[PDB]
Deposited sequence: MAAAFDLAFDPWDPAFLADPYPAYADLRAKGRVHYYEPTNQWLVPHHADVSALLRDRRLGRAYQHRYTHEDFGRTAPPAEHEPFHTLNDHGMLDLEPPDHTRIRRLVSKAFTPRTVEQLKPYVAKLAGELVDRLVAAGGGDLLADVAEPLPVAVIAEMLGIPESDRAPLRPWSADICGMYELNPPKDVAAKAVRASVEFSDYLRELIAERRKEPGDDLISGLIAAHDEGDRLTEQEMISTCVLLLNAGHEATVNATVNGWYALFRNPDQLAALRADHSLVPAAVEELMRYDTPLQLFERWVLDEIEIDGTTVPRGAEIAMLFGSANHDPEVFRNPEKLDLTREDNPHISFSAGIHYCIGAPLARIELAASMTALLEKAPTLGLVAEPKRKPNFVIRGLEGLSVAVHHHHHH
């Protein structure tokens, strides 16, 4: 009896998650032909199970897996997608991630802190100067793209087309004939830009990540041109909308919980714990899927090879067997093992950088806009897999 399109579910899905959890540990959903998993223990376990993957073609033809191959007109998208580590399974995943993690390191993250803090400060100053604005458009949206641009080493000169590129490519996962068109178009355009920067970095080495990707090697193993383009597009696409919606989701929760906002404003040392609790309370990434590569059993229920599982991260983050009073926002929550950055081999390689951007944004807002208030009830985007608002009207 579940309709993820119901406007009440889009407004507040957490009561329905409560019902799902109470009704069982795996539920077949005919409309999407998917098996829904809502408990934290099950989601955690399945993300670490070697019998599940974000791809199946390394093991089975589409046809042997009981599926239909995608249009060859979408080859440029599928090529760019299938060389990024998010949709790779071992041993290809292992190789590209071991290689990428030689260029993209803890030192790389540390080096961005000053630019993250600087940029955050500037953004909030401008909003303060205007005495208010749209937290999404003016503060949340600009920072993530800029940080990845900076890490990749791209001029503010040519940084304009990145958002619209990332937008149209991601449109493919949201699929209209028109969406598909721009998505392949952007996939080509963006990949050519990358292709270019890859060479003027080969004949002209730099200190950026594109240059660290060109250098990265191990056991004489190295990255292909496509693996590098795919990695760069993945880092922008993965590090943008999630970070944006965590900042706006967080501030909306803070405005709706004035006791917690006042606690935060009174003790800025809560910022790290606050970033984590606001993500558990209302994660922007509600849902992730896995193919069943070998038959599994969940709670004595057999899920067959060829099935697709939907992991409800939102449900898992409100599981009362893990969190006490999960429906309550508590920035001082001691016990917060939220799964928002996932688990197993696809565990977010960006999580340290994401946490530095969310902390820098929050600290700037608290220091520079300590009187910030919500002007209007925001409009919720009609989407149950990426949970977000159209914008956030604020005033000092």
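Which regions of the deposited sequence are unaccounted for in the modelled residues, listed N- to C-terminal?
In the chain as deposited, 1 to 7, 182 to 183, 406 to 411 carry no coordinates.
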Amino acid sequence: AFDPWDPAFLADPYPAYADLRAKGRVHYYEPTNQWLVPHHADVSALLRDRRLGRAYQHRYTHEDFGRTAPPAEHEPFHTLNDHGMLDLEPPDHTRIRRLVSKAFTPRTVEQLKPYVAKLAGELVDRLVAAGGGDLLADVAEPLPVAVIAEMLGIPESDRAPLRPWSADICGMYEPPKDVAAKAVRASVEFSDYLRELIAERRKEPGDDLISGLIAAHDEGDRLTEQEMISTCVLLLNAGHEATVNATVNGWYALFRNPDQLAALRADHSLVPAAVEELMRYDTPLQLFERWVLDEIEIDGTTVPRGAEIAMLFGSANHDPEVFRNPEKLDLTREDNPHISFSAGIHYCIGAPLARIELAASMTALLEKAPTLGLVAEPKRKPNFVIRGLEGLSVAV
From here on, numbers count along this sequence of modelled residues.
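Can you let me know which of the two, 55 to 63 or 355 to 363, has the higher average C-alpha B-factor in the entry?
For C-alpha atoms only, the mean B-factor is higher in 355 to 363.
Mean temperature factor over C-alpha atoms, higher-scoring stretch between 7 to 15 and 372 to 380:
The entry gives the higher C-alpha B-factor average to 372 to 380.
Of the options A140, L86, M311, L213, which has the highest CA B factor as deposited?
Most elevated C-alpha B-factor of the set, per the entry: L213.
Between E150, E321, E241, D294, which one tops the list for C-alpha B-factor in the PDB entry?
In this record, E150 carries the highest C-alpha B-factor of the candidates.
Ranked against its chain, the third holding the CA B-factor of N237
Within its chain, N237 is a middle-third residue by C-alpha B-factor, going by the deposited values.
Ranked against its chain, the third holding the CA B-factor of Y115:
Its C-alpha B-factor, which the entry lists for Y115, ranks in the middle third among residues of this chain.
Place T301 in the lowest, middle or highest third of its chain's C-alpha B-factors, as listed in the PDB entry.
Middle third, going by the recorded CA B-factors of the chain.
Comparing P91 with the other modelled residues of its chain, is its CA B-factor in the lowest, middle or highest third?
Its C-alpha B-factor, which the entry lists for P91, ranks in the middle third among residues of this chain.
Rank-wise, by C-alpha B-factor, drop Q226 into the lowest, middle or highest third of its chain.
Highest third.
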